[PDB]
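Everything below belongs to final.pdb, which stores PDB, C-alpha atoms and all ligand atoms.
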```
MODEL        1
ATOM      1  CA  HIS A   1     137.416 136.958  80.734  1.00  0.00           C
ATOM      2  CA  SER A   2     140.581 138.844  81.546  1.00  0.00           C
ATOM      3  CA  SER A   3     140.566 142.274  83.201  1.00  0.00           C
ATOM      4  CA  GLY A   4     142.925 144.929  81.830  1.00  0.00           C
ATOM      5  CA  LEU A   5     145.521 147.081  83.546  1.00  0.00           C
ATOM      6  CA  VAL A   6     144.227 148.725  86.684  1.00  0.00           C
ATOM      7  CA  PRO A   7     144.655 152.535  86.576  1.00  0.00           C
ATOM      8  CA  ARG A   8     147.261 153.822  89.061  1.00  0.00           C
ATOM      9  CA  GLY A   9     145.660 154.769  92.392  1.00  0.00           C
ATOM     10  CA  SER A  10     142.549 152.664  91.742  1.00  0.00           C
ATOM     11  CA  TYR A  11     141.637 149.062  92.555  1.00  0.00           C
ATOM     12  CA  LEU A  12     139.800 146.196  90.860  1.00  0.00           C
ATOM     13  CA  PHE A  13     138.241 143.441  92.975  1.00  0.00           C
ATOM     14  CA  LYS A  14     137.200 140.280  91.152  1.00  0.00           C
ATOM     15  CA  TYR A  15     134.232 138.673  92.937  1.00  0.00           C
ATOM     16  CA  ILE A  16     132.749 135.231  92.545  1.00  0.00           C
ATOM     17  CA  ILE A  17     129.347 134.059  93.772  1.00  0.00           C
ATOM     18  CA  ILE A  18     129.066 130.341  94.511  1.00  0.00           C
ATOM     19  CA  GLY A  19     126.453 127.998  95.935  1.00  0.00           C
ATOM     20  CA  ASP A  20     123.836 125.546  94.757  1.00  0.00           C
ATOM     21  CA  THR A  21     121.672 126.155  91.693  1.00  0.00           C
ATOM     22  CA  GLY A  22     118.692 128.409  92.271  1.00  0.00           C
ATOM     23  CA  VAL A  23     119.853 130.074  95.500  1.00  0.00           C
ATOM     24  CA  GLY A  24     119.818 133.491  93.752  1.00  0.00           C
ATOM     25  CA  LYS A  25     123.495 134.019  92.822  1.00  0.00           C
ATOM     26  CA  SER A  26     122.688 135.617  89.474  1.00  0.00           C
ATOM     27  CA  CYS A  27     119.920 137.773  90.904  1.00  0.00           C
ATOM     28  CA  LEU A  28     122.317 138.981  93.629  1.00  0.00           C
ATOM     29  CA  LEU A  29     124.826 140.020  90.957  1.00  0.00           C
ATOM     30  CA  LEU A  30     122.226 141.904  88.935  1.00  0.00           C
ATOM     31  CA  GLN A  31     120.550 143.555  91.912  1.00  0.00           C
ATOM     32  CA  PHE A  32     123.920 144.934  92.936  1.00  0.00           C
ATOM     33  CA  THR A  33     125.224 145.935  89.503  1.00  0.00           C
ATOM     34  CA  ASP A  34     121.960 147.095  87.869  1.00  0.00           C
ATOM     35  CA  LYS A  35     119.616 147.722  90.824  1.00  0.00           C
ATOM     36  CA  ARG A  36     117.079 145.485  89.100  1.00  0.00           C
ATOM     37  CA  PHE A  37     115.363 142.187  89.811  1.00  0.00           C
ATOM     38  CA  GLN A  38     113.776 140.273  86.926  1.00  0.00           C
ATOM     39  CA  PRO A  39     113.180 136.506  87.295  1.00  0.00           C
ATOM     40  CA  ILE A  40     122.728 136.143  82.337  1.00  0.00           C
ATOM     41  CA  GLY A  41     124.207 136.618  78.860  1.00  0.00           C
ATOM     42  CA  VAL A  42     127.545 137.907  80.177  1.00  0.00           C
ATOM     43  CA  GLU A  43     130.576 136.555  82.035  1.00  0.00           C
ATOM     44  CA  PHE A  44     130.460 139.333  84.637  1.00  0.00           C
ATOM     45  CA  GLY A  45     128.765 142.510  85.822  1.00  0.00           C
ATOM     46  CA  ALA A  46     130.761 145.557  86.820  1.00  0.00           C
ATOM     47  CA  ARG A  47     130.126 148.407  89.222  1.00  0.00           C
ATOM     48  CA  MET A  48     132.183 151.223  90.712  1.00  0.00           C
ATOM     49  CA  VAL A  49     132.125 151.564  94.433  1.00  0.00           C
ATOM     50  CA  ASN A  50     133.747 154.010  96.785  1.00  0.00           C
ATOM     51  CA  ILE A  51     135.788 152.599  99.629  1.00  0.00           C
ATOM     52  CA  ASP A  52     137.697 155.013 101.898  1.00  0.00           C
ATOM     53  CA  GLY A  53     137.393 157.709  99.211  1.00  0.00           C
ATOM     54  CA  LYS A  54     138.983 155.463  96.562  1.00  0.00           C
ATOM     55  CA  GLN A  55     137.671 154.237  93.202  1.00  0.00           C
ATOM     56  CA  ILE A  56     137.230 150.495  93.294  1.00  0.00           C
ATOM     57  CA  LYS A  57     135.753 148.536  90.442  1.00  0.00           C
ATOM     58  CA  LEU A  58     133.984 145.337  91.447  1.00  0.00           C
ATOM     59  CA  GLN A  59     133.834 142.809  88.616  1.00  0.00           C
ATOM     60  CA  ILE A  60     131.418 140.108  89.668  1.00  0.00           C
ATOM     61  CA  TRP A  61     131.693 136.825  87.756  1.00  0.00           C
ATOM     62  CA  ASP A  62     128.641 134.658  87.158  1.00  0.00           C
ATOM     63  CA  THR A  63     128.804 130.826  87.077  1.00  0.00           C
ATOM     64  CA  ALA A  64     126.629 130.760  83.901  1.00  0.00           C
ATOM     65  CA  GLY A  65     124.553 127.956  85.484  1.00  0.00           C
ATOM     66  CA  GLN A  66     127.425 125.481  85.173  1.00  0.00           C
ATOM     67  CA  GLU A  67     126.795 124.198  88.723  1.00  0.00           C
ATOM     68  CA  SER A  68     123.446 122.788  87.531  1.00  0.00           C
ATOM     69  CA  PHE A  69     125.254 120.078  85.506  1.00  0.00           C
ATOM     70  CA  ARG A  70     129.046 120.028  86.003  1.00  0.00           C
ATOM     71  CA  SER A  71     131.993 121.207  88.080  1.00  0.00           C
ATOM     72  CA  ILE A  72     132.896 124.878  88.218  1.00  0.00           C
ATOM     73  CA  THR A  73     136.092 125.531  86.251  1.00  0.00           C
ATOM     74  CA  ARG A  74     139.265 126.500  88.095  1.00  0.00           C
ATOM     75  CA  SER A  75     139.540 129.643  85.912  1.00  0.00           C
ATOM     76  CA  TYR A  76     136.329 130.902  87.524  1.00  0.00           C
ATOM     77  CA  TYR A  77     137.884 130.864  91.030  1.00  0.00           C
ATOM     78  CA  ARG A  78     141.324 132.181  90.045  1.00  0.00           C
ATOM     79  CA  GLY A  79     142.290 135.701  91.042  1.00  0.00           C
ATOM     80  CA  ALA A  80     139.114 136.407  93.028  1.00  0.00           C
ATOM     81  CA  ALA A  81     139.522 138.887  95.876  1.00  0.00           C
ATOM     82  CA  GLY A  82     135.998 138.333  97.190  1.00  0.00           C
ATOM     83  CA  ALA A  83     133.414 135.545  97.235  1.00  0.00           C
ATOM     84  CA  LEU A  84     129.773 135.441  98.217  1.00  0.00           C
ATOM     85  CA  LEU A  85     128.998 131.905  99.409  1.00  0.00           C
ATOM     86  CA  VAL A  86     125.233 131.635  99.089  1.00  0.00           C
ATOM     87  CA  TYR A  87     122.451 129.395 100.286  1.00  0.00           C
ATOM     88  CA  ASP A  88     118.656 129.748 100.046  1.00  0.00           C
ATOM     89  CA  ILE A  89     117.028 130.166 103.469  1.00  0.00           C
ATOM     90  CA  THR A  90     113.990 128.260 102.159  1.00  0.00           C
ATOM     91  CA  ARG A  91     115.946 125.119 101.188  1.00  0.00           C
ATOM     92  CA  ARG A  92     118.025 123.351 103.835  1.00  0.00           C
ATOM     93  CA  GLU A  93     119.796 121.147 101.287  1.00  0.00           C
ATOM     94  CA  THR A  94     121.477 124.272  99.884  1.00  0.00           C
ATOM     95  CA  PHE A  95     122.755 125.006 103.395  1.00  0.00           C
ATOM     96  CA  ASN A  96     124.025 121.416 103.690  1.00  0.00           C
ATOM     97  CA  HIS A  97     126.324 121.956 100.708  1.00  0.00           C
ATOM     98  CA  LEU A  98     128.136 124.993 102.097  1.00  0.00           C
ATOM     99  CA  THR A  99     131.107 123.038 103.404  1.00  0.00           C
ATOM    100  CA  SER A 100     131.756 121.506 100.001  1.00  0.00           C
ATOM    101  CA  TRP A 101     131.523 124.850  98.201  1.00  0.00           C
ATOM    102  CA  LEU A 102     133.789 126.454 100.794  1.00  0.00           C
ATOM    103  CA  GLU A 103     136.392 123.711 100.395  1.00  0.00           C
ATOM    104  CA  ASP A 104     136.467 124.258  96.625  1.00  0.00           C
ATOM    105  CA  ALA A 105     136.795 128.028  96.995  1.00  0.00           C
ATOM    106  CA  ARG A 106     139.694 127.457  99.365  1.00  0.00           C
ATOM    107  CA  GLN A 107     141.319 124.862  97.084  1.00  0.00           C
ATOM    108  CA  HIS A 108     141.134 126.982  93.934  1.00  0.00           C
ATOM    109  CA  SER A 109     141.183 130.623  95.077  1.00  0.00           C
ATOM    110  CA  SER A 110     143.838 132.642  96.888  1.00  0.00           C
ATOM    111  CA  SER A 111     144.115 132.136 100.655  1.00  0.00           C
ATOM    112  CA  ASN A 112     143.576 135.911 101.030  1.00  0.00           C
ATOM    113  CA  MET A 113     140.120 135.847  99.405  1.00  0.00           C
ATOM    114  CA  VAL A 114     137.448 137.383 101.612  1.00  0.00           C
ATOM    115  CA  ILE A 115     134.370 135.139 101.845  1.00  0.00           C
ATOM    116  CA  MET A 116     130.955 136.325 103.003  1.00  0.00           C
ATOM    117  CA  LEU A 117     128.306 133.758 103.778  1.00  0.00           C
ATOM    118  CA  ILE A 118     124.890 134.798 102.450  1.00  0.00           C
ATOM    119  CA  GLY A 119     121.475 133.424 103.312  1.00  0.00           C
ATOM    120  CA  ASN A 120     119.434 134.651 100.367  1.00  0.00           C
ATOM    121  CA  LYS A 121     115.656 134.991  99.829  1.00  0.00           C
ATOM    122  CA  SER A 122     115.063 136.630 103.228  1.00  0.00           C
ATOM    123  CA  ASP A 123     111.813 138.043 101.818  1.00  0.00           C
ATOM    124  CA  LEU A 124     110.377 134.495 101.939  1.00  0.00           C
ATOM    125  CA  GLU A 125     110.208 134.462 105.734  1.00  0.00           C
ATOM    126  CA  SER A 126     107.068 132.279 105.816  1.00  0.00           C
ATOM    127  CA  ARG A 127     109.016 129.623 103.892  1.00  0.00           C
ATOM    128  CA  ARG A 128     112.155 129.756 106.062  1.00  0.00           C
ATOM    129  CA  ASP A 129     113.851 126.306 106.328  1.00  0.00           C
ATOM    130  CA  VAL A 130     117.208 127.469 107.865  1.00  0.00           C
ATOM    131  CA  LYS A 131     117.330 129.608 111.019  1.00  0.00           C
ATOM    132  CA  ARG A 132     119.426 132.786 110.944  1.00  0.00           C
ATOM    133  CA  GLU A 133     121.425 131.410 113.915  1.00  0.00           C
ATOM    134  CA  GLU A 134     122.501 128.410 111.801  1.00  0.00           C
ATOM    135  CA  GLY A 135     124.086 130.681 109.213  1.00  0.00           C
ATOM    136  CA  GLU A 136     125.702 132.779 111.934  1.00  0.00           C
ATOM    137  CA  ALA A 137     127.210 129.668 113.526  1.00  0.00           C
ATOM    138  CA  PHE A 138     128.574 128.347 110.234  1.00  0.00           C
ATOM    139  CA  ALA A 139     130.193 131.697 109.526  1.00  0.00           C
ATOM    140  CA  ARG A 140     131.891 131.832 112.944  1.00  0.00           C
ATOM    141  CA  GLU A 141     133.177 128.278 112.614  1.00  0.00           C
ATOM    142  CA  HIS A 142     134.750 129.067 109.242  1.00  0.00           C
ATOM    143  CA  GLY A 143     135.911 132.663 109.860  1.00  0.00           C
ATOM    144  CA  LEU A 144     133.411 134.197 107.473  1.00  0.00           C
ATOM    145  CA  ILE A 145     131.267 137.293 107.525  1.00  0.00           C
ATOM    146  CA  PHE A 146     127.470 136.608 107.391  1.00  0.00           C
ATOM    147  CA  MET A 147     124.362 138.406 106.164  1.00  0.00           C
ATOM    148  CA  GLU A 148     120.868 137.454 105.075  1.00  0.00           C
ATOM    149  CA  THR A 149     119.822 139.116 101.830  1.00  0.00           C
ATOM    150  CA  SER A 150     116.935 139.462  99.435  1.00  0.00           C
ATOM    151  CA  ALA A 151     117.919 139.898  95.798  1.00  0.00           C
ATOM    152  CA  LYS A 152     114.218 140.601  95.184  1.00  0.00           C
ATOM    153  CA  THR A 153     113.683 143.459  97.652  1.00  0.00           C
ATOM    154  CA  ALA A 154     117.389 144.440  97.638  1.00  0.00           C
ATOM    155  CA  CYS A 155     117.564 144.035 101.445  1.00  0.00           C
ATOM    156  CA  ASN A 156     121.224 143.965 102.484  1.00  0.00           C
ATOM    157  CA  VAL A 157     122.488 143.439  98.925  1.00  0.00           C
ATOM    158  CA  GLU A 158     124.499 146.674  98.749  1.00  0.00           C
ATOM    159  CA  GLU A 159     125.841 145.980 102.219  1.00  0.00           C
ATOM    160  CA  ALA A 160     126.923 142.450 101.308  1.00  0.00           C
ATOM    161  CA  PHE A 161     129.007 143.605  98.377  1.00  0.00           C
ATOM    162  CA  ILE A 162     130.286 146.820  99.999  1.00  0.00           C
ATOM    163  CA  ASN A 163     131.165 145.215 103.333  1.00  0.00           C
ATOM    164  CA  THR A 164     133.110 142.492 101.540  1.00  0.00           C
ATOM    165  CA  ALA A 165     134.965 145.237  99.635  1.00  0.00           C
ATOM    166  CA  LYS A 166     135.718 147.136 102.862  1.00  0.00           C
ATOM    167  CA  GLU A 167     137.291 143.985 104.288  1.00  0.00           C
ATOM    168  CA  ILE A 168     139.401 143.296 101.170  1.00  0.00           C
ATOM    169  CA  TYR A 169     140.543 146.925 101.231  1.00  0.00           C
ATOM    170  CA  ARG A 170     141.395 146.638 104.948  1.00  0.00           C
ATOM    171  CA  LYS A 171     143.567 143.574 104.253  1.00  0.00           C
ATOM    172  CA  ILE A 172     145.335 145.417 101.419  1.00  0.00           C
ATOM    173  CA  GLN A 173     146.072 148.434 103.654  1.00  0.00           C
ATOM    174  CA  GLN A 174     147.444 146.021 106.285  1.00  0.00           C
ATOM    175  CA  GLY A 175     149.578 144.107 103.757  1.00  0.00           C
ATOM    176  CA  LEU A 176     147.577 140.991 104.731  1.00  0.00           C
ATOM    177  CA  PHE A 177     146.253 140.538 101.203  1.00  0.00           C
TER
HETATM  178  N1  LIG B 201     111.685 135.474  96.421  1.00  0.00           N
HETATM  179  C1  LIG B 201     112.981 135.568  96.017  1.00  0.00           C
HETATM  180  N2  LIG B 201     113.312 134.908  94.880  1.00  0.00           N
HETATM  181  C2  LIG B 201     114.593 134.964  94.451  1.00  0.00           C
HETATM  182  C3  LIG B 201     115.600 135.743  95.190  1.00  0.00           C
HETATM  183  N3  LIG B 201     116.772 135.608  94.530  1.00  0.00           N
HETATM  184  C4  LIG B 201     116.510 134.821  93.449  1.00  0.00           C
HETATM  185  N4  LIG B 201     115.208 134.465  93.396  1.00  0.00           N
HETATM  186  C5  LIG B 201     114.565 133.573  92.400  1.00  0.00           C
HETATM  187  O1  LIG B 201     115.280 132.354  92.518  1.00  0.00           O
HETATM  188  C6  LIG B 201     115.446 131.731  91.230  1.00  0.00           C
HETATM  189  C7  LIG B 201     116.926 131.491  90.976  1.00  0.00           C
HETATM  190  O2  LIG B 201     117.647 132.720  90.876  1.00  0.00           O
HETATM  191  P1  LIG B 201     119.095 132.745  90.174  1.00  0.00           P
HETATM  192  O3  LIG B 201     119.708 134.098  90.409  1.00  0.00           O
HETATM  193  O4  LIG B 201     118.987 132.300  88.736  1.00  0.00           O
HETATM  194  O5  LIG B 201     119.874 131.624  91.030  1.00  0.00           O
HETATM  195  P2  LIG B 201     121.304 130.953  90.727  1.00  0.00           P
HETATM  196  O6  LIG B 201     121.039 129.630  90.028  1.00  0.00           O
HETATM  197  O7  LIG B 201     121.854 130.713  92.116  1.00  0.00           O
HETATM  198  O8  LIG B 201     122.081 131.956  89.896  1.00  0.00           O
HETATM  199  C8  LIG B 201     114.824 132.651  90.215  1.00  0.00           C
HETATM  200  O9  LIG B 201     113.499 132.132  89.981  1.00  0.00           O
HETATM  201  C9  LIG B 201     114.798 133.972  90.947  1.00  0.00           C
HETATM  202  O10 LIG B 201     113.782 134.830  90.454  1.00  0.00           O
HETATM  203  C10 LIG B 201     115.161 136.429  96.420  1.00  0.00           C
HETATM  204  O11 LIG B 201     115.973 137.085  97.105  1.00  0.00           O
HETATM  205  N5  LIG B 201     113.858 136.290  96.761  1.00  0.00           N
HETATM  206 MG    MG B 202     123.047 131.736  88.112  1.00  0.00          MG
ENDMDL
END
```
Could you write out this structure as structure tokens?
Amino acid sequence: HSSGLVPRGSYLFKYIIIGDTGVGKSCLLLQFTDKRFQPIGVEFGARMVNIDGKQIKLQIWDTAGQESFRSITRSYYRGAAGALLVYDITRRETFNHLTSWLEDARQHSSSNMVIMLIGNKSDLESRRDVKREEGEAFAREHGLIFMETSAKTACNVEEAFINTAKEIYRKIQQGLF
């Protein structure tokens, strides 16, 4: 995919969503863009958001399941303004792989990319395998924002995408982007 010219006065933020297979990356995308959950046929989902009164299009790229069998292509990472780095709170091994995903994002995306750490599947509290505090600590260590989300119930999904956008916008307005 290649996005077109951005209309004057508006913004376009390319997002990526990375993490182990099955953590809910695709469901997060669709919950945000479509407000639906159905346990993706497209390279990306798009949605208009409003940040500081401005029109900002978020174009959220999906890995197309490639991480289940091969490396993620460099083209996927390129030009991203935002990344959700996702693990599944019910599976510790997905939390163990965060450092490796983060290192790849930092190797292949712009240094200015805003990364939010996401512990997904918060609705499965009885199956929790990673404590909230562990996610919080990882985020602090790596200078990331952190939320727990449920793509299923939509808990914190809007906030994850919008708060990431607010931060990108803040960096732009500060010339730090
Ligand atoms: N209970 C629950 N299940 C989820 C959630 N997010 C995703 N799933 C389920 O997790 C599985 C993997 O989701 P998917 O979006 O394909 O993960 P991806 O491989 O990381 O893109 C599917 O069976 C989803 O229905 C969530 O927040 N809660
Ligand atoms: Mg997927």
List every protein, DNA or RNA residue with an atom no more than 10 Å from (127.3, 125.6, 101.5) in the file's coordinates, counting only C-alpha atoms, and format the result as a PyMOL selection string. chain A and resi 18-20+85-88+92-103+117-119+135+138
Which residue of A:156, A:71, A:59, A:10 approaches ligand LIG 201 (chain B) most closely, using all atoms listed in the file: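 Looking at the shortest contact to ligand LIG 201 (chain B), the residue is A:156.
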Using only C-alpha atoms for the distances, tell me which of A:9, A:39, A:65, A:82 is nearest to residue 112 of chain A.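 Looking at the shortest contact to residue 112 of chain A, the residue is A:82.
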Between atom CA of residue 42 of chain A and atom CA of residue 106 of chain A, what distance in Å does the model show, to one decimal?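 Computing it gives 25.0 Å between the two atoms.
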Written as a compact mmCIF listing (two decimals) with C-alpha atoms, keeping the file's coordinate frame, which residues does the PyMOL selection byres (((chain A and resi 116) around 7) and not hetatm) give for the file shown?
```txt
# COMPACT_ATOMS: atom_id res chain seq x y z
CA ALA A 83 133.41 135.54 97.24
CA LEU A 84 129.77 135.44 98.22
CA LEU A 85 129.00 131.90 99.41
CA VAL A 114 137.45 137.38 101.61
CA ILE A 115 134.37 135.14 101.84
CA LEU A 117 128.31 133.76 103.78
CA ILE A 118 124.89 134.80 102.45
CA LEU A 144 133.41 134.20 107.47
CA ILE A 145 131.27 137.29 107.52
CA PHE A 146 127.47 136.61 107.39
CA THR A 164 133.11 142.49 101.54
```
Assuming the chain letters and numbering stay as they are in my file, what does the PyMOL selection byres (((not hetatm)) within 9 of (chain B and resi 201)) actually select? List them as a ChimeraX atom specification. /A:17-30,37-40,62-65,67-68,86-88,120-124,149-155
One-decimal distance in Å that lies between atom CA of residue 55 of chain A and atom CA of residue 7 of chain A: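 Computing it gives 9.8 Å between the two atoms.
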Final N, CA, C and O atoms of segment 106-121 of chain A as a tab-separated table (two decimals), in the coordinates of the input:
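Result saved to part14.tsv:
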```tsv
chain	number	residue	atom	x	y	z
A	106	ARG	N	138.41	127.38	98.68
A	106	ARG	CA	139.69	127.46	99.36
A	106	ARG	C	140.78	126.68	98.63
A	106	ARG	O	141.95	127.03	98.72
A	107	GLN	N	140.38	125.65	97.90
A	107	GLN	CA	141.32	124.86	97.08
A	107	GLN	C	141.79	125.62	95.84
A	107	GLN	O	142.96	125.51	95.44
A	108	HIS	N	140.89	126.40	95.25
A	108	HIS	CA	141.13	126.98	93.93
A	108	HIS	C	141.29	128.50	93.90
A	108	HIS	O	141.67	129.04	92.87
A	109	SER	N	140.98	129.18	95.00
A	109	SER	CA	141.18	130.62	95.08
A	109	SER	C	142.32	130.94	96.03
A	109	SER	O	142.78	130.08	96.79
A	110	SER	N	142.76	132.20	96.01
A	110	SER	CA	143.84	132.64	96.89
A	110	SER	C	143.42	132.58	98.35
A	110	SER	O	142.25	132.84	98.69
A	111	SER	N	144.37	132.24	99.22
A	111	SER	CA	144.12	132.14	100.66
A	111	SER	C	143.64	133.46	101.25
A	111	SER	O	142.98	133.47	102.30
A	112	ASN	N	143.95	134.57	100.57
A	112	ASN	CA	143.58	135.91	101.03
A	112	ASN	C	142.15	136.34	100.67
A	112	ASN	O	141.68	137.39	101.13
A	113	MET	N	141.48	135.53	99.85
A	113	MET	CA	140.12	135.85	99.40
A	113	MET	C	139.19	136.02	100.60
A	113	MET	O	139.14	135.18	101.49
A	114	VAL	N	138.44	137.12	100.59
A	114	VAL	CA	137.45	137.38	101.61
A	114	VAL	C	136.14	136.72	101.21
A	114	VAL	O	135.61	136.97	100.12
A	115	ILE	N	135.61	135.87	102.10
A	115	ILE	CA	134.37	135.14	101.84
A	115	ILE	C	133.27	135.61	102.78
A	115	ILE	O	133.47	135.62	104.01
A	116	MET	N	132.14	136.00	102.21
A	116	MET	CA	130.96	136.32	103.00
A	116	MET	C	129.90	135.28	102.75
A	116	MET	O	129.58	134.98	101.58
A	117	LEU	N	129.40	134.70	103.84
A	117	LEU	CA	128.31	133.76	103.78
A	117	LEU	C	127.00	134.54	103.66
A	117	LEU	O	126.78	135.50	104.41
A	118	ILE	N	126.15	134.11	102.72
A	118	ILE	CA	124.89	134.80	102.45
A	118	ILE	C	123.74	133.82	102.51
A	118	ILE	O	123.73	132.82	101.80
A	119	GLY	N	122.75	134.14	103.35
A	119	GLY	CA	121.48	133.42	103.31
A	119	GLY	C	120.51	134.27	102.52
A	119	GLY	O	120.04	135.30	103.01
A	120	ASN	N	120.26	133.86	101.28
A	120	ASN	CA	119.43	134.65	100.37
A	120	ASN	C	117.96	134.24	100.42
A	120	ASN	O	117.61	133.16	100.92
A	121	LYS	N	117.13	135.11	99.86
A	121	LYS	CA	115.66	134.99	99.83
A	121	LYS	C	115.01	135.30	101.18
A	121	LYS	O	114.00	134.68	101.55
```
